[PDB]
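Down below is the structure, laid out as structure tokens.
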Amino acid sequence: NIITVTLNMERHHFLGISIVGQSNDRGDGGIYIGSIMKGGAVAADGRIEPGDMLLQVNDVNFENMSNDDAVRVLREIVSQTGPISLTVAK
Numbered sequence: 248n249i250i251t252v253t254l255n256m257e258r259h260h261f262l263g264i265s266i267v268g269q270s271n272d273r274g275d276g277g278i279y280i281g282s283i284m285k286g287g288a289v290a291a292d293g294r295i296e297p298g299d300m301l302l303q304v305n306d307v308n309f310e311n312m313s314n315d316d317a318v319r320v321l322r323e324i325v326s327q328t329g330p331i332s333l334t335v336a337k
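Structure, rendered in structure tokens:
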């Protein structure tokens, strides 16, 4: 199931999630949601839970990028102002 959420980054200053870098023989395993931190924008919603895979984060899709590159850009987006559109694969 594909879930697209929009988090309010006004009353929040962070996402509050751990990004798991799954790396198999090749390397392309995908980034999954690990631990959720209370007080974060993600914890304020609830649709996202430990195990969800991050596909697209605000237009950019990391489904065809390396685990490192994926979180690299992710952090850059979270380190900015504005509503964050998270597209997770459940």
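Remember, the deposited numbering sits 247 above the position in the sequence shown when you count from 1.
The beta-carbon is built from N, C-alpha and C at its ideal position, and this holds for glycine as well.
Give the DSSP-derived three-state secondary structure of residue 399 in the structure shown. This structure cannot speak to residue 399, because the chain is shown only from 248 to 337.
Would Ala290 and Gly263 be called neighbours here (beta carbons separated by less than 7 angstroms)? To locate residue 290, count along the sequence shown from 1; it is residue 43. To locate residue 263, count along the sequence shown from 1; it is residue 16. One thing to note: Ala290 has its Cβ within 7 angstroms of the Cβ of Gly263.
May I have a chain-ordered list of the beta strand (DSSP E) segments no shorter than 3 residues that lie completely inside the region 252–331? DSSP assignment within the region 252–331 yields the following whole beta strand (DSSP E) runs of 3 residues or more, N-terminal first: 264–269, 277–283 and 300–304.
Give the straight-line distance between the Cα atoms of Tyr279 and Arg258, rounded to the nearest whole angstrom. Locating residue 279 in the sequence shown gives position 32, where the first residue counts as 1. Locating residue 258 in the sequence shown gives position 11, where the first residue counts as 1. In this structure, the alpha-carbon of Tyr279 lies about 25 angstroms from that of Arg258.
For my contact list, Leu302 and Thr334 are in at a C-beta cut-off of 8 angstroms; report their separation, rounded to the angstrom. For this step, residue 302 is matched to residue 55 along the sequence shown. For this step, residue 334 is matched to residue 87 along the sequence shown. By a beta-carbon distance limit of 8 angstroms, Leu302 contacts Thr334. Their separation comes to about 5 angstroms.
Are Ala336 and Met300 closer than 7 angstroms when you measure CB to CB? Within the sequence shown, residue 336 is the residue found at index 89, counting from 1. Within the sequence shown, residue 300 is the residue found at index 53, counting from 1. Taking 7 angstroms as the Cβ cut-off, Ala336 and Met300 qualify as a contacting pair.
If you count every other CB in all the chains shown that lies within 10 Å of the CB of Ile249, and 16 or more means buried, which is it? Against the sequence shown, residue 249 aligns to sequence position 2. It counts as exposed.
Buried or exposed, going by whether 16 or more other CB atoms sit within 10 Å of the CB of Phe309? Translated into the one-based positions of the sequence shown, residue 309 becomes position 62. With 16 or more Cβ atoms within 10 Å of its Cβ, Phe309 is classed as buried.
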